[PDB]
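The opening residue of the sequence shown carries number 2 in PDB author numbering; numbering runs sequentially from there.
Take a look at the structure below.
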Amino acid sequence: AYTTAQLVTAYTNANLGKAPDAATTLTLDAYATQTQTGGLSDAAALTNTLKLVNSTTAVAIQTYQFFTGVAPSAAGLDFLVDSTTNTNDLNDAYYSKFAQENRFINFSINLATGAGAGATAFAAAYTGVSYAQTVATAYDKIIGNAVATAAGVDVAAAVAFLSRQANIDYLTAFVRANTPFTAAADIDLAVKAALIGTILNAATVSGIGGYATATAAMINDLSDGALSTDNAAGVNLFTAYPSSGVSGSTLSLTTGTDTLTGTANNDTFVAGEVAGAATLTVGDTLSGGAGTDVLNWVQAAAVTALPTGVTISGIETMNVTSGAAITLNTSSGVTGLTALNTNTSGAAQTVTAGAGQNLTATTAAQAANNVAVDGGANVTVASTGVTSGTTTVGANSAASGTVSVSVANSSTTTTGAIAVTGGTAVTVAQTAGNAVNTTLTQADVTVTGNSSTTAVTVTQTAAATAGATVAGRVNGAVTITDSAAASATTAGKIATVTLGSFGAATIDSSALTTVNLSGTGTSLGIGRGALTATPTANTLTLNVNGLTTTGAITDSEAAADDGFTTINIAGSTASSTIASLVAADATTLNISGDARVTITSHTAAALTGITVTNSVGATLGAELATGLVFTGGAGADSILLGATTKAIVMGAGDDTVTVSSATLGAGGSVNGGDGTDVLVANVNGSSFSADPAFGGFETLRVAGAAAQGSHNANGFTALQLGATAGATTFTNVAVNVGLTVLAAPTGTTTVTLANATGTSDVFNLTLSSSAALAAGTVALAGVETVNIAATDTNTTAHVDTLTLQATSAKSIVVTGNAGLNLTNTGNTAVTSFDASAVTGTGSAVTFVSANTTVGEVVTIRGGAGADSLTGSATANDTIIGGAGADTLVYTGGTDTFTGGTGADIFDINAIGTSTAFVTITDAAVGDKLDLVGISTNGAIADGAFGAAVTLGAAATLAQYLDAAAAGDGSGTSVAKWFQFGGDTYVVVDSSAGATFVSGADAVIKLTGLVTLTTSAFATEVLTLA
Ligand SMILES: [Ca+2]
Ligand SMILES: [Ca+2]
Ligand SMILES: [Ca+2]
Ligand SMILES: [Ca+2]
Ligand SMILES: [Ca+2]
Ligand SMILES: [Ca+2]
Ligand SMILES: [Ca+2]
Ligand SMILES: [Ca+2]
Ligand SMILES: [Ca+2]
Ligand SMILES: [Ca+2]
Ligand SMILES: [Ca+2]
Ligand SMILES: [Ca+2]
Ligand SMILES: [Ca+2]
Ligand SMILES: [Ca+2]
Ligand SMILES: [Ca+2]
Ligand SMILES: [Ca+2]
Ligand SMILES: [Ca+2]
Ligand SMILES: [Ca+2]
Ligand SMILES: [Ca+2]
Ligand SMILES: [Ca+2]
Ligand SMILES: [Ca+2]
Ligand SMILES: [Ca+2]
């Protein structure tokens, strides 16, 4: 049932956006309602709608294909049928008086004989052939000759009609009048164009013929809005929309003896069950003919063997499916067989194919069942739900072509062996799909090549540690062996090996040149064949990509035999890390490519050079030999040097050399090259500026297990600090040079500037870590403004710690996105602490002023964090928290508190006077007033204590105080409150008489009228309600 509003959309898209005339809307509506009532099926109604678009559209698809060899693309069609840009187009003004027929004729003549796209080709193809032949051959290509006769239209009566003399005379006159042709050749040529226009019309109106059937399917595809093929430079109808009406004949086996013979065509043979009794049975003989022949053998019972007297012949594909095990051998009885496919679900397989036959053994829910296959041309094993089951290929007979195993396991019980022997190329692809809190350990793989085996690939799922939401995987050992691995003379064929994760892996091949690594590895041991001949080509290419290793890549051959002299490592698309590289015969080492290669530790004593050419860079964690030359490229290369004897160059990009000894040797130099390069001093003191042996460095970092003592900063533009052996000092530090601390050092870090003597000295300290960093003590004698950045490198919040010793700093400014608890002891010149710019949920800043200048103005600013800001008893502190749960502490003097947004706590730890007291500017609902530290005698109220003290129209502040303290606070301190002159006050009475005594009784001012009626005392803690 189509609604009439669906048929109009189907017509619109067929007409490429032209909406139907009023008349036709009525026609479609009829087709809709005839489907609501079941007087017409669905597909019937939609066909008729698309038949209405014949003249507009079908005229452009069919003619373009016949003349230019391809149907116009959808974008193209838009232009010919319905467009803004072509003023005159098929469904527009110019053509509105041309019938269906004369539309096809028009298009034909345009594309064929003019400057049209087909002129040159059609002119050469149909020159010097007669009218009769023109028509007969064209009728064959369009309408089929066989097809037409079967459809029952008589071909000969039709072709004669089109070529009769009357007909040709009509067109001659037609073409002569209409087209601008006057030459006698061009008229003859245009007449043929008009005829094969006429034939296209006659085809598309009857629905017989190949052109009509294909074009119909393309308009149906164009119906729903989008064209599936839509190639940009045209779609060849016949390719994209296949007919293939012939499908040969379909033959059924019985529980008897069958004698079945195919059509020499696309025929298919069914060998199912009858009452649960097999239909491939004794004496059955099957015969195929031509090459589209299929036998489908399906049985509840286990396949066992071919039954007595059975002969299958001339059949190309055999499909065997069993409810139980399969055991068959097809090296005889079956002849002509190109493809064998065997299918189990939950039982064993034991299959042997003849060479020349492509085997495919698919097994679901393999469990403890074993797959074993042999022989065949290309073999494919596809095993899922695996568990204990061995997979084993070519144990008895190798494949002619490629092996391609793949094995999936969901279990926690471990994936059972996989062994392959032989094949041109081998791939074994394991996966692990176990649950989120389990560990599956994967399958041990063995591949043993025959003398055709050029390549081997062994992929697994990446290892991981079993977590809360991390699926755990351990990797299987892999063992790859070439035929000629044990031979003294025979060549060896395995050239390339690809791994994608692995446990304890081995290769052994004298023909090996390339290893491709990937994912998570334990160890690779490379041996070459025991060839006695001294090898001449000794280049290991080692392409890495996302590789990480527990342990060692070793050249097992190098030790007692002839290893690789040159190793090339090409890092690609992802970072790689090789825990250890052991290559005892290696001479050159070239690290190349695309993404970082890190070698944590190499053992390659005979190395004469290392050469990075890689874009991102290379890092080597092992200290180079004192004799060993190193050359960097662009990108952050990074090494360790000792008392080097050679000229080390680092190339462009931001490089990093760590030195274990302060002066080099022999001679014996290291140039950082272009870019900002770090020099790391793992030593007891340095003076790199002095030594011309070092050049091109910009940053000095003191970090390492031997890093310590006095270091000449001169000539460096930045400073860094890491973990250290002991107290470290930077001397001769230029102006605008900042220190970044990257890890906890040992002992006091002293910075002494080049010239500290001025009174506007600025230093930039940075703290930069992923985790909480205990920066320790840094001393900044003679600096007036100290800027601290506390930087978190990851998304998860932390709080850094620092003792600053800056005895002439007036300003401390804190920026960043992590918290800073700052020890401030003895920093007494500080009058401005500004942590206001700081940023996280909890980048918590702690500060306590060490200022003792009587009557000072000190300004303390918090950040977004839950900050803890304490003033000085000496000082008139202005304290301001930012966002978040700030604690502001009162110590003495005239203080001004502003906890911004959030549940702030105003912690009152001093009594004050009657003049020097704390004013809280913005006390609001949620803020607390901690009076624990003024409970001189006992501990406050504890109730909700909340009726304001009220006095007269002209009572003085002095009077309101005295009134509030009237009671006896000698044994037990009491809270009261009042509102005077537009501000709110709180009192603690700790005294006898009705005098508020300045000394021991306490007042706290709160800007504005804030009603504490309903607000309650926690312990001694008043929460504003
Ligand atoms: Ca349009
Ligand atoms: Ca138009
Ligand atoms: Ca479509
Ligand atoms: Ca039978
Ligand atoms: Ca056949
Ligand atoms: Ca055949
Ligand atoms: Ca060997
Ligand atoms: Ca040897
Ligand atoms: Ca050796
Ligand atoms: Ca470099
Ligand atoms: Ca550089
Ligand atoms: Ca440089
Ligand atoms: Ca220098
Ligand atoms: Ca962090
Ligand atoms: Ca100074
Ligand atoms: Ca200072
Ligand atoms: Ca104070
Ligand atoms: Ca804050
Ligand atoms: Ca706050
Ligand atoms: Ca607040
Ligand atoms: Ca307190
Ligand atoms: Ca009193």
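Using N, Cα and C, we set each Cβ at its ideal position, and we do this for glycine too.
- State yes or no: is the C-beta of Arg529 nearer than 7 Å to some heavy atom of ligand 7? yes
- If you count every other CB in all the chains shown that lies within 10 Å of the CB of residue 1, and 16 or more means buried, which is it? Outside the shown range of the chain, which is 2 to 1026, sits residue 1, and nothing can be said about it.
- Item | Nearest-residue set for ligand 14, Cβ under 5 Å from any heavy atom | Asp793, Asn795, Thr797 and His799
- Hey, would you say the C-beta of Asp563 is under 7 Å away from at least one heavy atom of ligand 9? yes
- Message: Here's the rule I'm using: 16 or more other beta-carbon atoms within 10 Å means buried, otherwise exposed. How should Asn615 be labelled?
- Response: Buried, since its Cβ has 16 or more Cβ neighbours within 10 Å.
- Mapping DSSP to helix, strand and coil, what is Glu1021? coil
- Pick out whichever of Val630, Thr58, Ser250 and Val475 has its Cα sitting closest to the Cα of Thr645. Selected option, being the one with the closest Cα: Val630.
- Go to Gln35, then tell me how far its beta strand (DSSP E) extends in each direction, as first and last residue. Segment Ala23 to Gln37 is the alpha helix (DSSP H) holding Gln35; no beta strand (DSSP E) there.
- With which residues is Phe503 paired in a DSSP beta bridge? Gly522
- Query: Which same chain residues, not among the five before or five after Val1011, have their C-beta less than 8 Å away from its C-beta?
  - Reply: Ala924, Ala925, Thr985 and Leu1025
- Query: Are the beta-carbon atoms of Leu8 and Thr50 separated by less than 8 Å?
  - Reply: yes
- Task: Would you kindly work out how many angstroms separate the C-alpha atoms of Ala993 and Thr816, rounded to a whole number?
- Result: 50 Å
- Task: With distances taken Cα to Cα, identify the nearest neighbour of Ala791 among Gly972, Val779, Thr205 and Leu768.
- Result: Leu768
- Query: Which partner residues of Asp375 appear in the DSSP bridge assignment?
  - Reply: Listed as beta-bridge partners of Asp375 by DSSP are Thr353.
- Item | Proximity test, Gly866 beta-carbon vs ligand 20 heavy atom, cut-off 7 Å | Not one heavy atom of ligand 20 sits closer than 7 Å to the Cβ of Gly866.
- Item | Buried versus exposed call for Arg165 [16 or more other C-beta atoms within 10 Å across all chains shown] | exposed
- Message: Extract the residue ranges of the alpha helix (DSSP H) inside the segment 80–129, only unbroken runs of 4 or more that lie entirely within it.
- Response: 101–114 and 120–126
- Write down the C-beta distance between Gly477 and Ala444 rounded to the nearest angstrom, noting that I regard them as a contact closer than 8 Å. So it is a contact: roughly 5 Å between Cβ atoms.
- If I'm right that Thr280 touches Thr256 with Cβ under 8 Å, what's the distance once you round it to whole angstroms? 6 Å
- Query: Is it buried or exposed for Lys98, if we count other Cβ within 10 angstroms and need 16 for buried?
  - Reply: exposed
- Item | Coil, strand or helix - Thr460 by DSSP | strand
- Message: Buried or exposed for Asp170, going by 16 or more other Cβ atoms inside 10 Å?
- Response: exposed
- Item | Contact set for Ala830: own chain, Cβ-Cβ below 7 Å, skip 5 residues either direction | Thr808, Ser809, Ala810 and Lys811
- Task: Drop a sphere of 10 angstroms on the beta-carbon of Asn756, count the other beta-carbons inside from all chains shown, and report buried for 16 or more, exposed for fewer.
- Result: With fewer than 16 other Cβ atoms from the protein chains shown falling within 10 Å of its own Cβ, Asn756 counts as exposed.
- Task: Could you give the DSSP three-state label for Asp984: helix, strand or coil?
- Result: strand
- Message: For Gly841 and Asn795, what's the separation of their Cα atoms in angstroms?
- Response: 12 Å
- On the three-state DSSP scale, how would you describe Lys142? helix
- Based on Cα-Cα distance, which residue from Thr937, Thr4, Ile313 and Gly289 lies nearest to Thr282? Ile313
- Task: Could you please give me the residues that DSSP links to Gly696 through a beta bridge?
- Result: Note: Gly696 is bridge-paired with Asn672 in the DSSP secondary-structure output.
- Query: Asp896 lies in the alpha helix (DSSP H); which residues open and close that run?
  - Reply: For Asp896, no alpha helix (DSSP H) run applies; the uninterrupted beta strand (DSSP E) run containing it begins and ends at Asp896 to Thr899, by DSSP.
- Task: Determine which residues share a DSSP beta bridge with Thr328 and list them.
- Result: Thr351
- Output yes or no for whether 8 Å exceeds the beta carbon distance between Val703 and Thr729. yes
- Looking at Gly934 and ligand 22, is the gap between the Cβ and the nearest heavy atom below 7 Å? Distances taken from the Cβ of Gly934 to the heavy atoms of ligand 22 include none shorter than 7 Å.
- Query: Can you find at least 3 beta carbon pairs, one from the segment 202–220 and one from the segment 107–124, that sit closer than 8 Å?
  - Reply: no
- Task: Quick one: residues in its chain with C-beta nearer than 6 Å to the C-beta of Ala472, no 5 flanking neighbours on either side, listed in chain order?
- Result: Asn435 and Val437
- Task: Kindly identify the DSSP beta-bridge partner or partners of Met319.
- Result: Answer is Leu296 and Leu341, bridged to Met319.
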